[PDB]
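As stored in data04.txt (compact mmCIF, N, CA and C atoms):
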```
# COMPACT_ATOMS: atom_id res chain seq x y z
N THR A 12 -1.25 61.70 -73.47
CA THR A 12 -1.26 62.43 -74.80
C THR A 12 -2.01 61.54 -75.78
N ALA A 13 -1.40 61.22 -76.92
CA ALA A 13 -1.91 60.06 -77.62
C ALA A 13 -1.62 58.87 -76.71
N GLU A 14 -0.63 58.98 -75.83
CA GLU A 14 -0.38 57.92 -74.86
C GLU A 14 -1.66 57.57 -74.10
N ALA A 15 -2.29 58.57 -73.50
CA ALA A 15 -3.50 58.35 -72.70
C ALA A 15 -4.65 57.86 -73.57
N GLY A 16 -4.73 58.39 -74.79
CA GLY A 16 -5.81 58.04 -75.69
C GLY A 16 -5.71 56.63 -76.24
N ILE A 17 -4.49 56.15 -76.50
CA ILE A 17 -4.30 54.83 -77.10
C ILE A 17 -4.37 53.69 -76.08
N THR A 18 -3.83 53.92 -74.89
CA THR A 18 -3.76 52.84 -73.92
C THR A 18 -5.14 52.32 -73.56
N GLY A 19 -5.32 51.01 -73.61
CA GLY A 19 -6.60 50.39 -73.26
C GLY A 19 -7.02 49.32 -74.24
N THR A 20 -8.31 49.03 -74.19
CA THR A 20 -8.93 47.96 -74.98
C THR A 20 -9.66 48.54 -76.18
N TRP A 21 -9.50 47.88 -77.33
CA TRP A 21 -10.14 48.28 -78.56
C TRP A 21 -10.76 47.06 -79.22
N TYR A 22 -11.81 47.30 -80.01
CA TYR A 22 -12.50 46.17 -80.62
C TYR A 22 -12.60 46.43 -82.10
N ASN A 23 -12.32 45.43 -82.95
CA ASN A 23 -12.44 45.62 -84.40
C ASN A 23 -13.82 45.33 -84.89
N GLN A 24 -13.98 45.46 -86.20
CA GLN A 24 -15.27 45.31 -86.85
C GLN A 24 -15.66 43.84 -86.90
N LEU A 25 -14.67 42.95 -86.79
CA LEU A 25 -14.91 41.49 -86.86
C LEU A 25 -15.11 40.84 -85.49
N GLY A 26 -14.90 41.60 -84.42
CA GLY A 26 -15.10 41.05 -83.07
C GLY A 26 -13.80 40.62 -82.36
N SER A 27 -12.68 41.10 -82.89
CA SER A 27 -11.39 40.85 -82.25
C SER A 27 -11.17 41.91 -81.16
N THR A 28 -10.29 41.62 -80.20
CA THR A 28 -9.97 42.54 -79.11
C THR A 28 -8.48 42.84 -79.04
N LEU A 29 -8.16 44.12 -79.01
CA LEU A 29 -6.78 44.60 -78.86
C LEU A 29 -6.66 45.14 -77.45
N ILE A 30 -5.67 44.69 -76.68
CA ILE A 30 -5.45 45.32 -75.37
C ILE A 30 -4.04 45.86 -75.40
N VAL A 31 -3.90 47.17 -75.39
CA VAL A 31 -2.58 47.74 -75.66
C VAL A 31 -2.20 48.81 -74.66
N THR A 32 -0.89 48.86 -74.36
CA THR A 32 -0.32 49.93 -73.54
C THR A 32 0.60 50.75 -74.41
N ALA A 33 0.39 52.07 -74.43
CA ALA A 33 1.24 53.00 -75.14
C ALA A 33 2.21 53.62 -74.15
N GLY A 34 3.50 53.34 -74.33
CA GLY A 34 4.52 53.87 -73.42
C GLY A 34 4.85 55.29 -73.78
N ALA A 35 5.37 56.02 -72.79
CA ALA A 35 5.68 57.42 -72.97
C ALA A 35 6.66 57.74 -74.12
N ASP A 36 7.51 56.78 -74.47
CA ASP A 36 8.51 57.06 -75.50
C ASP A 36 8.28 56.31 -76.81
N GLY A 37 7.07 55.81 -77.01
CA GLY A 37 6.72 55.36 -78.35
C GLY A 37 6.38 53.88 -78.47
N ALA A 38 6.53 53.11 -77.40
CA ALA A 38 6.30 51.68 -77.50
C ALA A 38 4.80 51.34 -77.46
N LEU A 39 4.38 50.32 -78.22
CA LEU A 39 3.10 49.71 -77.99
C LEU A 39 3.35 48.27 -77.57
N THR A 40 2.68 47.83 -76.50
CA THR A 40 2.83 46.46 -76.05
C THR A 40 1.49 45.95 -75.60
N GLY A 41 1.22 44.66 -75.72
CA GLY A 41 -0.04 44.16 -75.23
C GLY A 41 -0.38 42.83 -75.85
N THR A 42 -1.67 42.63 -76.10
CA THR A 42 -2.12 41.36 -76.69
C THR A 42 -3.21 41.58 -77.69
N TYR A 43 -3.38 40.58 -78.53
CA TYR A 43 -4.42 40.57 -79.52
C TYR A 43 -5.20 39.26 -79.38
N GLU A 44 -6.51 39.32 -79.44
CA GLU A 44 -7.28 38.10 -79.54
C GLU A 44 -8.15 38.19 -80.79
N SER A 45 -7.88 37.32 -81.78
CA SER A 45 -8.55 37.33 -83.09
C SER A 45 -9.86 36.61 -83.10
N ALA A 46 -10.85 37.21 -83.75
CA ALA A 46 -12.15 36.58 -83.87
C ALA A 46 -12.21 35.73 -85.14
N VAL A 47 -11.12 35.74 -85.91
CA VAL A 47 -11.08 35.00 -87.18
C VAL A 47 -9.74 34.32 -87.41
N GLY A 48 -9.75 33.32 -88.29
CA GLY A 48 -8.53 32.65 -88.73
C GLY A 48 -8.11 31.50 -87.84
N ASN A 49 -6.95 30.92 -88.16
CA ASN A 49 -6.33 29.88 -87.34
C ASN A 49 -5.69 30.55 -86.14
N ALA A 50 -6.52 30.85 -85.14
CA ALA A 50 -6.12 31.65 -83.98
C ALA A 50 -7.05 31.35 -82.82
N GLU A 51 -6.50 31.29 -81.61
CA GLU A 51 -7.33 31.10 -80.42
C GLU A 51 -6.52 31.43 -79.19
N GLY A 52 -7.18 32.12 -78.25
CA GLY A 52 -6.52 32.68 -77.11
C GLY A 52 -5.85 33.98 -77.55
N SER A 53 -4.97 34.47 -76.72
CA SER A 53 -4.40 35.72 -77.06
C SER A 53 -2.99 35.53 -77.58
N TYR A 54 -2.54 36.54 -78.30
CA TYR A 54 -1.22 36.54 -78.90
C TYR A 54 -0.51 37.82 -78.52
N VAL A 55 0.81 37.75 -78.41
CA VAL A 55 1.59 38.94 -78.06
C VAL A 55 1.58 39.94 -79.20
N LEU A 56 1.50 41.22 -78.85
CA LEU A 56 1.51 42.32 -79.80
C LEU A 56 2.59 43.30 -79.40
N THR A 57 3.35 43.76 -80.39
CA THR A 57 4.32 44.81 -80.13
C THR A 57 4.33 45.78 -81.30
N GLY A 58 4.54 47.05 -81.02
CA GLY A 58 4.56 48.06 -82.09
C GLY A 58 5.11 49.39 -81.62
N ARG A 59 4.84 50.41 -82.41
CA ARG A 59 5.34 51.76 -82.12
C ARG A 59 4.27 52.77 -82.50
N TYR A 60 4.33 53.94 -81.87
CA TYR A 60 3.44 55.07 -82.29
C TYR A 60 4.22 56.36 -82.16
N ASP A 61 3.75 57.40 -82.85
CA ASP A 61 4.34 58.73 -82.75
C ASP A 61 3.92 59.32 -81.40
N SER A 62 4.87 59.45 -80.48
CA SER A 62 4.56 59.94 -79.12
C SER A 62 4.62 61.46 -79.01
N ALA A 63 4.75 62.15 -80.15
CA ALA A 63 4.57 63.61 -80.21
C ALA A 63 3.80 63.99 -81.50
N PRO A 64 2.53 63.59 -81.63
CA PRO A 64 1.75 63.84 -82.83
C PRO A 64 1.47 65.34 -83.08
N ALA A 65 1.04 65.66 -84.29
CA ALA A 65 0.64 67.02 -84.62
C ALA A 65 -0.59 67.38 -83.82
N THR A 66 -0.87 68.67 -83.79
CA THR A 66 -1.90 69.22 -82.93
C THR A 66 -2.93 69.92 -83.80
N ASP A 67 -2.81 69.70 -85.11
CA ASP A 67 -3.61 70.40 -86.11
C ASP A 67 -4.88 69.65 -86.50
N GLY A 68 -5.28 68.67 -85.69
CA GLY A 68 -6.45 67.85 -86.03
C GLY A 68 -6.07 66.54 -86.73
N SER A 69 -4.78 66.32 -86.93
CA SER A 69 -4.32 65.09 -87.57
C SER A 69 -4.33 63.93 -86.60
N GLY A 70 -4.52 62.74 -87.16
CA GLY A 70 -4.38 61.50 -86.41
C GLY A 70 -2.95 61.26 -86.00
N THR A 71 -2.77 60.24 -85.15
CA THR A 71 -1.46 59.85 -84.60
C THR A 71 -1.04 58.53 -85.26
N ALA A 72 0.06 58.55 -86.02
CA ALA A 72 0.50 57.37 -86.74
C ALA A 72 0.99 56.28 -85.80
N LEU A 73 0.73 55.02 -86.17
CA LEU A 73 1.13 53.90 -85.32
C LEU A 73 1.14 52.64 -86.16
N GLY A 74 1.75 51.60 -85.62
CA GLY A 74 1.69 50.28 -86.22
C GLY A 74 2.03 49.22 -85.19
N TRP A 75 1.59 48.00 -85.45
CA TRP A 75 1.98 46.87 -84.61
C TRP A 75 1.97 45.56 -85.37
N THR A 76 2.60 44.55 -84.76
CA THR A 76 2.69 43.22 -85.32
C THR A 76 2.21 42.20 -84.29
N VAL A 77 1.59 41.14 -84.82
CA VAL A 77 1.26 39.92 -84.08
C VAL A 77 1.76 38.76 -84.93
N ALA A 78 2.64 37.92 -84.36
CA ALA A 78 2.95 36.64 -84.99
C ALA A 78 1.95 35.66 -84.42
N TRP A 79 1.34 34.87 -85.30
CA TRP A 79 0.20 34.00 -84.94
C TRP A 79 0.65 32.67 -84.33
N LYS A 80 1.43 32.78 -83.26
CA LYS A 80 1.92 31.62 -82.50
C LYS A 80 1.70 31.91 -81.02
N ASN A 81 1.06 30.97 -80.34
CA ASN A 81 0.95 31.03 -78.90
C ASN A 81 0.93 29.58 -78.42
N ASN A 82 0.52 29.31 -77.20
CA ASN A 82 0.62 27.93 -76.75
C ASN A 82 -0.42 26.99 -77.32
N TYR A 83 -1.40 27.55 -78.00
CA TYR A 83 -2.50 26.75 -78.51
C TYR A 83 -2.48 26.56 -80.00
N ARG A 84 -1.83 27.48 -80.70
CA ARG A 84 -1.85 27.46 -82.15
C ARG A 84 -0.60 28.09 -82.75
N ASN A 85 -0.19 27.59 -83.89
CA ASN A 85 0.80 28.29 -84.70
C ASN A 85 0.36 28.24 -86.15
N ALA A 86 -0.03 29.40 -86.70
CA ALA A 86 -0.48 29.47 -88.08
C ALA A 86 0.67 29.79 -89.03
N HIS A 87 1.89 29.87 -88.51
CA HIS A 87 3.05 30.17 -89.35
C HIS A 87 2.79 31.38 -90.21
N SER A 88 2.45 32.46 -89.51
CA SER A 88 2.07 33.70 -90.18
C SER A 88 2.15 34.84 -89.19
N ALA A 89 2.20 36.05 -89.74
CA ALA A 89 2.26 37.23 -88.92
C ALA A 89 1.52 38.35 -89.61
N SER A 90 0.81 39.17 -88.84
CA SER A 90 0.10 40.32 -89.40
C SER A 90 0.70 41.60 -88.82
N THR A 91 0.70 42.64 -89.68
CA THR A 91 1.09 43.99 -89.28
C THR A 91 -0.06 44.93 -89.59
N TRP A 92 -0.42 45.73 -88.61
CA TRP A 92 -1.44 46.76 -88.80
C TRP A 92 -0.74 48.11 -88.85
N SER A 93 -1.04 48.92 -89.87
CA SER A 93 -0.49 50.27 -90.01
C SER A 93 -1.66 51.24 -90.06
N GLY A 94 -1.61 52.30 -89.27
CA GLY A 94 -2.75 53.19 -89.28
C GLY A 94 -2.58 54.43 -88.45
N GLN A 95 -3.70 55.00 -88.04
CA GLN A 95 -3.63 56.16 -87.18
C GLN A 95 -4.76 56.13 -86.17
N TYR A 96 -4.47 56.70 -85.02
CA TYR A 96 -5.43 56.88 -83.94
C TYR A 96 -6.06 58.26 -84.09
N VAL A 97 -7.38 58.31 -83.94
CA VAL A 97 -8.16 59.55 -84.02
C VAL A 97 -8.90 59.63 -82.69
N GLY A 98 -8.63 60.67 -81.93
CA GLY A 98 -9.17 60.75 -80.57
C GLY A 98 -10.57 61.32 -80.48
N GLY A 99 -11.03 61.50 -79.25
CA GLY A 99 -12.28 62.20 -78.99
C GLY A 99 -13.41 61.24 -78.64
N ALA A 100 -14.64 61.74 -78.69
CA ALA A 100 -15.78 60.97 -78.19
C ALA A 100 -16.07 59.69 -78.94
N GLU A 101 -15.69 59.68 -80.21
CA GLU A 101 -15.88 58.54 -81.10
C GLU A 101 -14.51 58.11 -81.57
N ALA A 102 -13.64 57.83 -80.61
CA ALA A 102 -12.25 57.51 -80.94
C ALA A 102 -12.17 56.29 -81.81
N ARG A 103 -11.17 56.30 -82.70
CA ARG A 103 -10.95 55.13 -83.55
C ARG A 103 -9.48 54.92 -83.80
N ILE A 104 -9.14 53.66 -84.08
CA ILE A 104 -7.84 53.36 -84.72
C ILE A 104 -8.17 52.77 -86.08
N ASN A 105 -7.83 53.51 -87.13
CA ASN A 105 -8.12 53.10 -88.50
C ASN A 105 -6.86 52.50 -89.11
N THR A 106 -6.96 51.25 -89.55
CA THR A 106 -5.76 50.53 -90.03
C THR A 106 -5.93 49.79 -91.34
N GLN A 107 -4.79 49.60 -91.99
CA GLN A 107 -4.59 48.68 -93.11
C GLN A 107 -3.77 47.51 -92.53
N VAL A 108 -4.01 46.27 -92.96
CA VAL A 108 -3.35 45.13 -92.36
C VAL A 108 -2.78 44.21 -93.40
N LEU A 109 -1.51 43.84 -93.25
CA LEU A 109 -0.84 42.85 -94.12
C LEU A 109 -0.66 41.57 -93.32
N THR A 110 -1.03 40.41 -93.88
CA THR A 110 -0.83 39.13 -93.20
C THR A 110 0.00 38.25 -94.10
N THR A 111 1.25 37.99 -93.66
CA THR A 111 2.15 37.13 -94.46
C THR A 111 2.25 35.75 -93.82
N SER A 112 2.06 34.71 -94.63
CA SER A 112 2.29 33.33 -94.21
C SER A 112 3.61 32.85 -94.76
N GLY A 113 4.28 32.01 -93.98
CA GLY A 113 5.48 31.37 -94.53
C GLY A 113 5.10 30.47 -95.70
N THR A 114 5.83 30.59 -96.81
CA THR A 114 5.59 29.77 -97.99
C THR A 114 6.86 29.29 -98.63
N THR A 115 6.74 28.32 -99.54
CA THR A 115 7.86 28.08 -100.42
C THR A 115 8.05 29.26 -101.34
N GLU A 116 9.20 29.31 -102.02
CA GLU A 116 9.49 30.38 -102.96
C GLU A 116 8.47 30.36 -104.11
N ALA A 117 8.07 29.16 -104.52
CA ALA A 117 7.12 28.99 -105.61
C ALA A 117 5.76 29.56 -105.26
N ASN A 118 5.43 29.56 -103.97
CA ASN A 118 4.13 30.10 -103.56
C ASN A 118 4.21 31.50 -102.96
N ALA A 119 5.36 32.14 -103.05
CA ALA A 119 5.52 33.45 -102.40
C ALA A 119 4.58 34.51 -102.95
N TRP A 120 4.21 34.40 -104.22
CA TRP A 120 3.25 35.36 -104.79
C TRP A 120 1.91 35.37 -104.07
N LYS A 121 1.58 34.27 -103.39
CA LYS A 121 0.33 34.22 -102.65
C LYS A 121 0.56 34.18 -101.13
N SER A 122 1.70 34.74 -100.68
CA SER A 122 2.02 34.71 -99.27
C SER A 122 1.35 35.79 -98.42
N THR A 123 0.92 36.92 -99.01
CA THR A 123 0.52 38.08 -98.21
C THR A 123 -0.88 38.56 -98.56
N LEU A 124 -1.74 38.60 -97.55
CA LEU A 124 -3.09 39.18 -97.67
C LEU A 124 -3.02 40.64 -97.31
N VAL A 125 -3.93 41.41 -97.91
CA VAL A 125 -4.14 42.78 -97.44
C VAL A 125 -5.60 42.95 -97.05
N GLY A 126 -5.80 43.67 -95.94
CA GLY A 126 -7.15 43.94 -95.46
C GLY A 126 -7.19 45.27 -94.72
N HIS A 127 -8.33 45.57 -94.11
CA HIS A 127 -8.43 46.80 -93.32
C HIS A 127 -9.27 46.53 -92.10
N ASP A 128 -8.90 47.18 -90.99
CA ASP A 128 -9.51 46.90 -89.67
C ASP A 128 -9.76 48.30 -89.07
N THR A 129 -10.97 48.51 -88.56
CA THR A 129 -11.27 49.72 -87.80
C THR A 129 -11.58 49.30 -86.36
N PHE A 130 -10.89 49.95 -85.42
CA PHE A 130 -11.07 49.66 -84.00
C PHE A 130 -11.77 50.82 -83.30
N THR A 131 -12.65 50.45 -82.39
CA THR A 131 -13.39 51.44 -81.59
C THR A 131 -13.30 51.03 -80.12
N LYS A 132 -13.61 51.95 -79.22
CA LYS A 132 -13.55 51.65 -77.80
C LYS A 132 -14.75 50.82 -77.26
N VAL A 133 -15.82 50.67 -78.05
CA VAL A 133 -16.96 49.84 -77.62
C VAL A 133 -17.16 48.65 -78.56
N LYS A 134 -17.64 47.52 -78.06
CA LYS A 134 -17.81 46.35 -78.93
C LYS A 134 -18.70 46.66 -80.13
```
Same coordinates, now as structure tokens:
Amino acid sequence: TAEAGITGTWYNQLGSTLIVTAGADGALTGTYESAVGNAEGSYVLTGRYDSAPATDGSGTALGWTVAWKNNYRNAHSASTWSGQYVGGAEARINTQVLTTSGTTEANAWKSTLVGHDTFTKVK
């Protein structure tokens, strides 16, 4: 469904790679490899998607998180992508992304970045 459409490899506009499996009951699981930031190698990704989307031409809502810790790096931060999958010949996952770093309370006002990421099936 959107299950078949979402499962697989996606590439963002910055050169990052998402490899994700969409489970039949709403789970997203896989890995992320970032082309930017204090990051190297792959990181675990987990999220959710609407496993019964509308059929009226609407996208399929989804989101996921990556905490930026693996065996090679820990940036003490985590990003969440919120967006929708749009299927078909030019499939895309269009997202907004929040990246929060751990901070002191005094620096909490500057703890969270906002950005946007568009993923496509080809590099």
- request: Please report, as a PyMOL selection string, each residue of region 17-133 of chain A to which DSSP assigns helix (DSSP H, G or I) when run on this structure's backbone.
  value: chain A and resi 17+119-121
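The smallest atom-to-atom distance between residue 35 (chain A) and any of A:108, A:47, A:87, A:61, using all atoms listed in the file, is found for A:61.
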Report the centre and edge lengths, in Å to one decimal, of an axis-aligned box enclosing every atom of region 105-118 of chain A listed in the file, padded by 5 Å on each side, as lines of an AutoDock Vina configuration file.
```
center_x = 0.7
center_y = 40.8
center_z = -96.4
size_x = 27.6
size_y = 35.4
size_z = 28.5
```
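Excluding residue 43 (chain A) itself and any same-chain residue fewer than 6 positions from it, the protein and nucleic acid residues within 7 Å of it, counting only C-alpha atoms, are residues 28, 29, 30, 53, 54, 55 and 56 of chain A.
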message: One decimal, in Å: what's the spacing between CA of residue 110 (chain A) and CA of residue 34 (chain A)?
response: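 For CA of residue 110 (chain A) relative to CA of residue 34 (chain A), the distance reads 25.2 Å.
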Per residue of region 91-127 of chain A within 5 Å of region 68-83 of chain A, which atom pair is closest and at what distance in Å (one decimal), using only N, CA and C atoms, listed by chain and increasing number, as JSON lines?
```
{"residue": "A:91", "atom": "CA", "partner": "A:75", "partner_atom": "C", "distance": 4.3}
{"residue": "A:92", "atom": "N", "partner": "A:75", "partner_atom": "C", "distance": 4.0}
{"residue": "A:93", "atom": "CA", "partner": "A:74", "partner_atom": "CA", "distance": 4.4}
{"residue": "A:94", "atom": "C", "partner": "A:73", "partner_atom": "N", "distance": 4.1}
{"residue": "A:95", "atom": "CA", "partner": "A:71", "partner_atom": "C", "distance": 4.0}
{"residue": "A:96", "atom": "N", "partner": "A:71", "partner_atom": "C", "distance": 3.9}
{"residue": "A:97", "atom": "CA", "partner": "A:70", "partner_atom": "CA", "distance": 4.9}
```
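Counting all atoms listed in the file, the residue from A:44, A:99, A:33, A:13 that sits nearest to residue 63 (chain A) is A:13.
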query: Could you state the separation of CA of residue 39 (chain A) and CA of residue 65 (chain A) in Å, given to one decimal place?
result: 18.7 Å
